[PDB]
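Let me begin by presenting the structure, written as structure tokens, before commenting on it.
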Amino acid sequence: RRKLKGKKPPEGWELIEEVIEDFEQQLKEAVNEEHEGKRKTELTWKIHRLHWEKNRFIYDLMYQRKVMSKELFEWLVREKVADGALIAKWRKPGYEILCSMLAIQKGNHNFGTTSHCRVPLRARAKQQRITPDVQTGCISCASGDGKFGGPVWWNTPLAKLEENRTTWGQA
RNA sequence: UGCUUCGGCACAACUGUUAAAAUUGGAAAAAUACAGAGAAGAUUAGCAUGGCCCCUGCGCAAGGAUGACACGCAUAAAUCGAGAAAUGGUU
Ligand SMILES: [Mg+2]
Ligand SMILES: [Mg+2]
Ligand SMILES: [Mg+2]
Ligand SMILES: [Mg+2]
Ligand SMILES: [Zn+2]
């Protein structure tokens, strides 16, 4: 709603508008899915992956292609279209494909750790090498571990890039 | 992803009461049927006491049949010796 009320969005918003609205429609239907037959912990996995992909479109255009304006990006952050903290993180060295801000909240975890998905899949034991995080669904968002430019999510074949992530592009 | 003597460095570092379960057991209630109320004649107000009895209540109130219970039904032997007499052994 926040973007839709009153005000105008800066120049550029017409390029990203349909994609952003598609991502918002996908999140709208993820919230509405049914949860019978899947773990309690996996409720929000699709929401987290979709939130990642949405902010990764905003990130892709703002910092990897740099086709987004500083004022448009600052608008998206201010109007809550972009997760500003998560995109800010992806800029930090070592947090380049971080799956969620939950994964590196350390009060979030029993032993005061980050989550096991932040740990390079090699340095982990076979027990923590195929299990997705219970909150985010990420198996490995350690930079270096990423398939297709993103994390290794619950179902990421360690197939083809097109079958494993949303591929916006500019047709 | 920076930095790169382009060799590689740097950064980043261990989620999960792990189930979409499986058992697993214990529970209040319902009906049924039982049976179904203090004090001394009857009818009745209560306030207590005691505690491995609780319930309602925010309760250091108040209430729950004086909340209940107990409460004795004491077959709680609370028990026995004094002396004369008299009889039994022994001399
Ligand atoms: Mg009383
Ligand atoms: Mg009372
Ligand atoms: Mg009365
Ligand atoms: Mg009483
Ligand atoms: Zn992760």
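Naming convention: chains lettered A, B, ... in sequence-line order (proteins, then strands); numbering from 1 in each chain. Values reported hereafter were calculated over all heavy atoms of this structure, with side chains retained and with hydrogens, waters and symmetry mates removed.
- Sugar conformation at B/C71 is south: the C1'-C2'-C3'-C4' dihedral has a negative sign, consistent with the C2'-endo side.
- The closest donor-acceptor contact from the side chain of A/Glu24 to the backbone of A/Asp22 lies at 3.5 Å or more, if one exists at all.
- The nearest whole Å value for the distance from the CG atom in A/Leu98 to the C1' atom in B/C11 is 14 Å.
- A/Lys89 places its NZ atom 11 Å from the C1' atom of B/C11, with the value rounded to the nearest Å.
- Salt bridge annotation for A/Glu96-A/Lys89: absent, with no cationic side-chain nitrogen under 4.0 angstrom from a carboxylate oxygen.
- For residues 41-48 of chain A, proximity to RNA chain B is found at A/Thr41, defined as any non-hydrogen atom under 4.0 angstrom from a strand atom.
- Under the Watson-Crick and G-U wobble criteria, each requiring two contacts below 3.5 Å, nucleotide B/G59 is left unpaired.
- No side-chain N or O of A/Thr156 forms a donor-acceptor pair with one of A/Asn164 less than 3.5 Å apart.
- With a glycosidic angle more than 90° from 0, B/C53 adopts the anti conformation.
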Tabulate protein N/O versus nucleotide N/O from nucleotides 4-7 of chain B, keeping only pairs under 3.5 Å, one per line.
none

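- In summary, the side chains of A/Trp168 and A/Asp60 do present a donor paired with an acceptor at a separation below 3.5 Å, with no hydrogens or angles considered.
- With ring centres under 5.5 Å apart and planes tilted under 30°, the neighbouring bases B/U56 and B/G57 are scored as stacked.
- More than 12 heavy atoms of other residues, nucleotides or ligands sit less than 6.0 Å from atom CD of A/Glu33.
- A negative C1'-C2'-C3'-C4' dihedral is found for the sugar of B/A37, placing it in the south range.
- Remark: A/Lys7 NZ is packed, more than 12 non-hydrogen atoms of other residues, nucleotides or ligands lying under 6.0 Å away.
- Here, B/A37 and B/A61 have their P atoms 33 Å apart, quoted to the whole Å.
- South is the pucker class for the sugar of B/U87, given a negative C1'-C2'-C3'-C4' value.
- Using a distance-only test at 3.5 Å, with no hydrogens or angles considered, a donor-acceptor pair links the side chain of A/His116 to the main chain of A/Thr131.
- Rounded to whole angstrom, the span from the CD1 atom of A/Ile97 across to the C1' atom of B/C11 amounts to 14 Å.
- Going from the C1' atom of B/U49 to that of B/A30 covers 38 Å, rounded to whole Å.
- A stacking contact links strand neighbours B/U32 and B/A33, their base ring centres being under 5.5 angstrom apart and the planes under 30 degrees.
- Nucleotides B/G38 and B/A42 are separated by 10 Å at their P atoms, to the nearest Å.
- Computed from coordinates, the A/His35 NE2 to B/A19 P distance equals 17 Å when rounded to whole Å.
- With no hydrogens or angles considered, a side-chain donor-acceptor pair links A/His51 and A/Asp83 at under 3.5 Å.
- Separation of the P atoms belonging to B/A74 and B/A70 is 16 Å when rounded to the nearest angstrom.
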Please produce a list of atom pairs where a protein N or O lies less than 3.5 Å from an N or O of nucleotides 12-15 of chain B.
from	atom 1	to	atom 2	distance (Å)
B/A12	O2'	A/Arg118	NH2	3.3
B/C14	OP1	A/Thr114	N	3.1
B/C14	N4	A/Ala123	O	3.0
B/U15	OP1	A/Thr113	OG1	2.7
B/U15	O4'	A/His116	N	3.1
B/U15	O3'	A/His109	ND1	3.2
B/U15	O2	A/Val134	N	3.3
B/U15	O4	A/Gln128	NE2	3.3

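- Separation of the P atoms belonging to B/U66 and B/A39 is 14 Å when rounded to the nearest angstrom.
- Salt bridge A/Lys70/A/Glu74: absent, no basic N to carboxylate O contact under 4.0 Å.
- Residue A/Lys92 is classed as having no contact, given no heavy-atom separation below 4.0 Å to the nucleic acid.
- Across all strands shown, B/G2 is found opposite B/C9 as a Watson-Crick or G-U wobble partner, with both distances under 3.5 Å.
- Judged by ring centres closer than 5.5 Å and planes tilted by less than 30°, the bases of B/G67 and B/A68 are stacked on each other.
- Remark: B/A85 does not pair with B/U44, failing the Watson-Crick or G-U wobble criterion at under 3.5 Å for both atom pairs.
- B/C54 and B/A27 are spaced 14 Å apart, taking the P atom of each and rounding to whole Å.
- No donor-acceptor pair closer than 3.5 Å links the side chain of A/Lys5 to the backbone N or O of A/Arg2.
- Here B/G16 presents its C1' atom at 14 Å from CD1 of A/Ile130, a figure rounded to the nearest Å.
- Close placement of the A/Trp75 and A/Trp13 rings is indicated, their centers lying within 6.0 Å of each other.
- Under the 4.5 Å side-chain heavy-atom criterion for grouping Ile, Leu, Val, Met, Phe, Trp and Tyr, A/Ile130 is not connected to A/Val134 through any hydrophobic cluster.
- Here B/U5 has a south sugar; its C1'-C2'-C3'-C4' angle has a minus sign.
- The six-membered rings of B/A78 and its strand neighbour B/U79 do not satisfy centres under 5.5 Å apart together with planes under 30°, so the two bases count as unstacked.
- Here the separation of B/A31 from B/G25, taken at their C1' atoms, is 25 Å to the nearest Å.
- Both distances falling under 3.5 Å, in either a Watson-Crick or a G-U wobble arrangement, occur for no nucleotide opposite B/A29.
- Residue-level contact check: A/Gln64 touches the backbone only, with heavy atoms under 4.0 Å from sugar-phosphate atoms and none from bases.
- Neighbouring nucleotides B/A19 and B/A20 do not stack on each other, since their six-membered rings fail either the 5.5 Å centre distance or the 30° plane angle limit.
- A positive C1'-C2'-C3'-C4' angle places the sugar of B/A22 in the north (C3'-endo) family.
- Straight-line distance between the P atoms of B/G36 and B/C52: roughly 31 Å, to the nearest whole Å.
- A/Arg124 and A/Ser140 share a side-chain donor-acceptor pair at under 3.5 Å.
- No side-chain heavy atom of A/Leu161 sits under 4.5 Å from any side-chain heavy atom of A/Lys147.
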